Structures are given as C-alpha cells and as structure tokens.
file final.csv (CSV, C-alpha atoms)
chain,number,residue,atom,x,y,z
X,1,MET,CA,109.9,119.5,71.8
X,2,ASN,CA,106.4,120.1,70.4
X,3,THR,CA,104.3,123.3,70.0
X,4,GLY,CA,101.2,121.8,71.6
X,5,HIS,CA,101.1,119.0,74.1
X,6,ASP,CA,101.8,119.8,77.9
X,7,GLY,CA,98.2,120.0,79.3
X,8,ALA,CA,96.5,120.6,82.7
X,9,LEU,CA,92.9,120.6,84.2
X,10,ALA,CA,90.8,123.5,85.6
X,11,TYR,CA,90.8,124.1,89.4
X,12,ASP,CA,87.2,122.5,89.9
X,13,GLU,CA,87.7,119.3,87.9
X,14,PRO,CA,87.1,116.3,90.2
X,15,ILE,CA,89.9,113.6,90.4
X,16,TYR,CA,88.0,110.5,91.8
X,17,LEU,CA,90.1,109.0,94.5
X,18,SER,CA,90.0,105.2,95.0
X,19,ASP,CA,87.7,106.3,97.9
X,20,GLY,CA,85.5,108.7,95.8
X,21,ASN,CA,86.2,111.9,97.7
X,22,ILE,CA,84.9,114.2,94.9
X,23,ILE,CA,87.3,117.0,95.7
X,24,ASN,CA,88.6,119.9,93.5
X,25,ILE,CA,91.9,119.1,91.8
X,26,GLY,CA,93.1,122.6,92.8
X,27,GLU,CA,92.2,122.2,96.5
X,28,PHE,CA,93.8,118.7,96.5
X,29,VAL,CA,97.0,120.0,95.1
X,30,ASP,CA,97.0,123.2,97.2
X,31,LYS,CA,96.6,121.4,100.5
X,32,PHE,CA,100.0,119.9,99.8
X,33,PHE,CA,101.4,123.3,98.6
X,34,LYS,CA,100.1,124.8,102.0
X,35,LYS,CA,101.6,122.0,104.2
X,36,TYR,CA,104.6,121.2,102.1
X,37,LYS,CA,105.3,124.9,101.5
X,38,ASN,CA,109.0,124.1,102.0
X,39,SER,CA,108.6,121.3,99.4
X,40,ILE,CA,107.3,123.6,96.6
X,41,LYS,CA,109.9,123.0,93.9
X,42,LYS,CA,109.8,125.3,90.9
X,43,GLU,CA,111.1,124.2,87.5
X,44,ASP,CA,113.6,126.3,85.4
X,45,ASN,CA,110.5,127.1,83.3
X,46,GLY,CA,109.1,128.5,86.6
X,47,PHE,CA,106.3,125.9,87.0
X,48,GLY,CA,105.8,124.5,90.5
X,49,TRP,CA,105.5,120.8,91.5
X,50,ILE,CA,105.6,118.7,94.8
X,51,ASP,CA,106.1,115.0,95.4
X,52,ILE,CA,103.1,113.5,97.2
X,53,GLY,CA,104.1,109.8,96.8
X,54,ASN,CA,104.7,110.1,100.5
X,55,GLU,CA,101.0,110.5,101.2
X,56,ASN,CA,100.7,107.1,99.4
X,57,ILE,CA,97.0,108.1,98.6
X,58,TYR,CA,95.1,106.1,95.9
X,59,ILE,CA,93.4,107.5,92.9
X,60,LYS,CA,91.0,105.5,90.6
X,61,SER,CA,93.3,105.0,87.6
X,62,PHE,CA,93.0,102.7,84.6
X,63,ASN,CA,95.6,100.6,82.7
X,64,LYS,CA,95.8,101.0,78.9
X,65,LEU,CA,97.3,97.5,78.6
X,66,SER,CA,93.7,96.0,78.8
X,67,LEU,CA,91.5,99.1,79.3
X,68,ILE,CA,90.9,97.9,82.9
X,69,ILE,CA,90.0,100.0,86.0
X,70,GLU,CA,92.5,99.6,88.9
X,71,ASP,CA,94.1,101.8,91.6
X,72,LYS,CA,97.4,103.6,91.6
X,73,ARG,CA,99.1,106.2,93.8
X,74,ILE,CA,100.2,109.6,92.3
X,75,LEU,CA,103.9,110.4,92.7
X,76,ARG,CA,104.1,114.3,91.9
X,77,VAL,CA,101.6,117.0,91.1
X,78,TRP,CA,101.9,120.3,89.2
X,79,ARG,CA,100.3,123.8,89.2
X,80,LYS,CA,100.5,126.7,86.7
X,81,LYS,CA,98.5,129.8,86.1
X,82,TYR,CA,96.3,130.1,83.0
X,83,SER,CA,93.8,132.5,81.5
X,84,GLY,CA,92.0,131.5,78.3
X,85,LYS,CA,89.1,129.4,76.8
X,86,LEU,CA,89.0,125.8,77.9
X,87,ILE,CA,87.2,123.0,76.0
X,88,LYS,CA,84.0,121.6,77.6
X,89,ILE,CA,83.3,118.4,75.5
X,90,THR,CA,80.1,117.1,76.8
X,91,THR,CA,78.7,113.6,76.2
X,92,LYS,CA,75.1,112.2,76.2
X,93,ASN,CA,75.6,110.9,79.8
X,94,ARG,CA,76.2,114.6,80.8
X,95,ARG,CA,79.9,114.0,81.2
X,96,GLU,CA,82.1,117.0,80.6
X,97,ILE,CA,85.7,118.2,81.4
X,98,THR,CA,87.6,121.5,81.5
X,99,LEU,CA,90.9,121.3,79.6
X,100,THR,CA,93.2,122.7,76.8
X,101,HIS,CA,92.6,122.4,73.1
X,102,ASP,CA,95.9,120.5,72.5
X,103,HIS,CA,95.0,118.0,75.3
X,104,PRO,CA,95.7,114.3,74.5
X,105,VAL,CA,92.5,112.2,74.8
X,106,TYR,CA,91.3,108.9,73.2
X,107,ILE,CA,88.7,108.2,70.5
X,108,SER,CA,87.3,105.3,68.6
X,109,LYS,CA,88.8,104.5,65.2
X,110,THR,CA,86.0,102.1,64.3
X,111,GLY,CA,87.1,99.6,67.0
X,112,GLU,CA,90.7,100.7,67.6
X,113,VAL,CA,91.7,103.1,70.4
X,114,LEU,CA,93.4,106.1,68.8
X,115,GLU,CA,95.0,109.1,70.5
X,116,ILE,CA,94.2,112.7,69.3
X,117,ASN,CA,93.8,116.4,70.5
X,118,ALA,CA,90.6,117.4,72.4
X,119,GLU,CA,89.9,120.2,69.8
X,120,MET,CA,89.5,117.4,67.1
X,121,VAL,CA,87.1,115.5,69.3
X,122,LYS,CA,83.9,117.2,68.1
X,123,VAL,CA,80.2,116.0,67.6
X,124,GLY,CA,81.5,113.5,64.9
X,125,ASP,CA,84.1,111.7,67.1
X,126,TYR,CA,83.5,109.1,69.8
X,127,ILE,CA,85.5,110.1,72.9
X,128,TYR,CA,86.5,107.0,74.9
X,129,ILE,CA,85.1,107.0,78.4
X,130,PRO,CA,85.3,104.6,81.5
X,131,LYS,CA,82.4,102.4,82.6
X,132,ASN,CA,82.0,100.2,85.7
X,133,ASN,CA,85.0,97.9,85.5
X,134,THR,CA,85.4,98.6,81.8
X,135,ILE,CA,85.6,101.2,79.0
X,136,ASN,CA,82.7,102.3,76.7
X,137,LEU,CA,81.9,104.9,74.0
X,138,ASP,CA,79.6,107.9,74.4
X,139,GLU,CA,78.7,110.6,71.8
X,140,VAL,CA,80.2,114.1,72.0
X,141,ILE,CA,76.8,116.0,71.5
X,142,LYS,CA,77.6,119.6,72.8
X,143,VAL,CA,80.8,121.2,71.5
X,144,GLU,CA,81.6,124.6,73.2
X,145,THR,CA,84.1,126.1,75.8
X,146,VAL,CA,84.3,128.1,79.1
X,147,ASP,CA,86.4,131.2,79.8
X,148,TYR,CA,88.7,130.4,82.7
X,149,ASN,CA,91.3,132.7,84.5
X,150,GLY,CA,92.4,131.0,87.7
X,151,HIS,CA,95.1,128.4,88.1
X,152,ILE,CA,95.4,124.9,86.4
X,153,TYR,CA,96.9,121.6,87.7
X,154,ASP,CA,98.4,118.4,86.4
X,155,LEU,CA,100.0,115.1,87.7
X,156,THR,CA,102.8,112.6,87.5
X,157,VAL,CA,101.0,109.3,87.1
X,158,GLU,CA,104.1,107.8,85.5
X,159,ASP,CA,103.0,104.3,86.5
X,160,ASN,CA,100.7,103.5,83.6
X,161,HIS,CA,100.7,107.0,82.0
X,162,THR,CA,96.9,107.0,82.4
X,163,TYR,CA,94.5,108.5,85.0
X,164,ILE,CA,90.9,109.4,85.7
X,165,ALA,CA,89.9,113.1,85.9
X,166,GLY,CA,87.0,115.2,84.8
X,167,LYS,CA,83.3,116.0,85.8
X,168,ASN,CA,80.4,113.6,86.6
X,169,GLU,CA,82.5,110.3,86.9
X,170,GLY,CA,85.4,111.5,84.7
X,171,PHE,CA,87.4,110.5,81.7
X,172,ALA,CA,90.2,107.9,81.3
X,173,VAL,CA,92.9,110.0,79.5
X,174,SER,CA,96.7,110.1,79.1
X,175,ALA,CA,98.9,110.9,82.1
X,176,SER,CA,102.6,111.6,81.9
X,177,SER,CA,105.7,112.8,83.8
X,178,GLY,CA,108.4,114.6,81.8
X,179,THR,CA,107.3,115.2,78.3
X,180,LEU,CA,106.0,112.8,75.6
X,181,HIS,CA,107.1,109.6,77.5
X,182,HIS,CA,110.9,110.2,78.1
X,183,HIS,CA,111.6,108.7,81.6
X,184,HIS,CA,115.2,109.5,82.3
X,185,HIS,CA,116.3,107.7,85.5
X,186,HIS,CA,118.4,104.5,85.9

call {"tool": "encode", "arguments": {"input": "final.csv", "output": "structure tokens"}}
result
Amino acid sequence: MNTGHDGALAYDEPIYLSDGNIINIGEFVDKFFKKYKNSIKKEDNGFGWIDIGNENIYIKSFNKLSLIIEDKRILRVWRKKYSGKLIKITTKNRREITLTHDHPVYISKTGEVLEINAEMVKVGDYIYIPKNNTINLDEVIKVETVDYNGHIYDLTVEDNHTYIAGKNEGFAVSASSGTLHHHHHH
C-alpha cells in the first residue's frame, strides 16, 4: 500500500464519450448517483462507487498494447470529496487537466513510454497525449495549479487500465480498479 497513488479528476473535467458528449465527469457520475441512489455502495474507507456497466455506454478509450484509440465501456465509477491545489499541466495545443500531484501519467523517455507522477511532468518533460487515431508528444509549457474545493471522481476502466479524460480533447492516462493492478476475482 503506497503513500501516493489513488487519484481522481476535478468535477468539470470532460470525459469524451465515444459519441463526444463533452459532459462534466461530476455530472456524469452524479446522474447515476441520483437515479441509482439505492445502488450507492460505500467502501469501508467511506468512499462511494456505483456499477454502471449496465448502462453499457461507450467512452473513447485507448489501448496501451499499441497506443491505439478504440472504444470501451466503463464498469464502475467513484466519487470522493477533496479540497486542495490541483495540477493544471498545460501543453502548447492548449490542453490542460485538473488532477492530483501523485497522479500516474505517461512521458517520453527519448522514444520509450515511461510512467511517472504528474508533479514531475514539468516544462522539461514531454507529457504523452492522444492524436487522431494515434499518440503524439506535446510540450508542457505552463506549469501551475488551481485551488479546488468541490468533489472529485474516478473510474473502473479495468479493461485495458487506460482511459481518456481531461480538457480540450483530453489525455490518455492510466486507469485502474482496486489498487496498483491487483484484480482479485476468479
């Protein structure tokens, strides 16, 4: 069990459906929490998740296995409350996102995809981003934060452990389920 890890996104990060709905992650989740009120499970750690694999809805995902853009369907979602400073890593293409400092994201190591914390991804690291069908690099330019005090939200995209989320068109980053890739089923 690490100190860092275990992320989430701000309420007003887009999530880019396979249909392009450009909806707030927090509204997306909360719709389910407001219909499936009965289905609001809490964790022992007092979190709050719901399965939405029953909506079957498709998100624009990507597959790490070839850095390809495909669909998937989400299986569960999460919500927590947060107040603090979130990292606002911009890139030249006016991308940006609103996430934790210990948030797993990807960078170039000179041609290799490597996996690090967002707080290390400054104006001297190349933060991996999606393109059309493909993956590209863009330069981190502006390095600052926001103050945020609302709620935060996360997923269960267990399927390839990768999703799109963020602002503009978004970032191809890690997804998970329980913890640093455990999967305890059968």

call {"tool": "residues_around", "arguments": {"input": "final.csv", "residues": "segment 130-140 of chain X", "least_positions_apart": "4", "cutoff": "6 Å", "atoms": "all atoms listed in the file", "output": "JSON, numbers by chain"}}
result
{"X": [68, 69, 90, 91, 92, 123, 126, 172]}

call {"tool": "residues_around", "arguments": {"input": "final.csv", "residues": "residue 127 of chain X", "least_positions_apart": "2", "cutoff": "12 Å", "atoms": "all atoms listed in the file", "output": "PyMOL selection string"}}
result
chain X and resi 89-92+95-97+104-110+112-125+129-130+135-141+170-173

call {"tool": "closest_atom_pairs", "arguments": {"input": "final.csv", "of": "segment 17-124 of chain X", "to": "segment 142-164 of chain X", "cutoff": "9 Å", "atoms": "all atoms listed in the file", "output": "CSV"}}
result
residue,atom,partner,partner_atom,distance
X:17,CA,X:164,CA,8.8
X:25,CA,X:153,CA,6.9
X:26,CA,X:153,CA,6.4
X:29,CA,X:153,CA,7.6
X:49,CA,X:155,CA,8.8
X:51,CA,X:156,CA,8.9
X:59,CA,X:164,CA,7.9
X:60,CA,X:164,CA,6.3
X:61,CA,X:163,CA,4.5
X:62,CA,X:163,CA,6.0
X:63,CA,X:160,CA,5.9
X:64,CA,X:162,CA,7.0
X:65,CA,X:160,CA,8.5
X:72,CA,X:159,CA,7.6
X:73,CA,X:157,CA,7.6
X:74,CA,X:157,CA,5.3
X:75,CA,X:156,CA,5.8
X:76,CA,X:156,CA,4.9
X:77,CA,X:155,CA,4.2
X:78,CA,X:154,CA,4.9
X:79,CA,X:153,CA,4.3
X:80,CA,X:152,CA,5.4
X:81,CA,X:151,CA,4.2
X:82,CA,X:151,CA,5.5
X:83,CA,X:149,CA,3.9
X:84,CA,X:148,CA,5.6
X:85,CA,X:147,CA,4.4
X:86,CA,X:145,CA,5.3
X:87,CA,X:145,CA,4.4
X:88,CA,X:145,CA,4.8
X:89,CA,X:143,CA,5.5
X:90,CA,X:142,CA,5.3
X:91,CA,X:142,CA,7.0
X:92,CA,X:142,CA,8.5
X:98,CA,X:146,CA,7.8
X:99,CA,X:152,CA,8.9
X:121,CA,X:143,CA,8.8
X:122,CA,X:143,CA,6.1
X:123,CA,X:143,CA,6.5

call {"tool": "write_last_selection", "arguments": {"input": "final.csv", "atoms": "C-alpha atoms", "output": "CSV table (one decimal), in the coordinates of the input"}}
result
chain,number,residue,atom,x,y,z
X,17,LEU,CA,90.1,109.0,94.5
X,25,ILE,CA,91.9,119.1,91.8
X,26,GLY,CA,93.1,122.6,92.8
X,29,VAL,CA,97.0,120.0,95.1
X,49,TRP,CA,105.5,120.8,91.5
X,51,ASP,CA,106.1,115.0,95.4
X,59,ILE,CA,93.4,107.5,92.9
X,60,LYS,CA,91.0,105.5,90.6
X,61,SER,CA,93.3,105.0,87.6
X,62,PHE,CA,93.0,102.7,84.6
X,63,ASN,CA,95.6,100.6,82.7
X,64,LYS,CA,95.8,101.0,78.9
X,65,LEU,CA,97.3,97.5,78.6
X,72,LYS,CA,97.4,103.6,91.6
X,73,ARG,CA,99.1,106.2,93.8
X,74,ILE,CA,100.2,109.6,92.3
X,75,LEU,CA,103.9,110.4,92.7
X,76,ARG,CA,104.1,114.3,91.9
X,77,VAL,CA,101.6,117.0,91.1
X,78,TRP,CA,101.9,120.3,89.2
X,79,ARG,CA,100.3,123.8,89.2
X,80,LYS,CA,100.5,126.7,86.7
X,81,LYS,CA,98.5,129.8,86.1
X,82,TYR,CA,96.3,130.1,83.0
X,83,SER,CA,93.8,132.5,81.5
X,84,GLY,CA,92.0,131.5,78.3
X,85,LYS,CA,89.1,129.4,76.8
X,86,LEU,CA,89.0,125.8,77.9
X,87,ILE,CA,87.2,123.0,76.0
X,88,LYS,CA,84.0,121.6,77.6
X,89,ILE,CA,83.3,118.4,75.5
X,90,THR,CA,80.1,117.1,76.8
X,91,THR,CA,78.7,113.6,76.2
X,92,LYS,CA,75.1,112.2,76.2
X,98,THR,CA,87.6,121.5,81.5
X,99,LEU,CA,90.9,121.3,79.6
X,121,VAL,CA,87.1,115.5,69.3
X,122,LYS,CA,83.9,117.2,68.1
X,123,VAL,CA,80.2,116.0,67.6

call {"tool": "closest_residue", "arguments": {"input": "final.csv", "among": "X:55, X:183, X:169, X:44", "to": "residue 21 of chain X", "atoms": "all atoms listed in the file"}}
result
X:169

call {"tool": "closest_residue", "arguments": {"input": "final.csv", "among": "X:93, X:2, X:39, X:54", "to": "residue 180 of chain X", "atoms": "all atoms listed in the file"}}
result
X:2

call {"tool": "atom_distance", "arguments": {"input": "final.csv", "atom1": "atom CA of residue 15 of chain X", "atom2": "atom CA of residue 168 of chain X"}}
result
10.2 Å

call {"tool": "atom_distance", "arguments": {"input": "final.csv", "atom1": "atom CA of residue 71 of chain X", "atom2": "atom CA of residue 177 of chain X"}}
result
17.8 Å

call {"tool": "atom_distance", "arguments": {"input": "final.csv", "atom1": "atom CA of residue 11 of chain X", "atom2": "atom CA of residue 24 of chain X"}}
result
6.3 Å
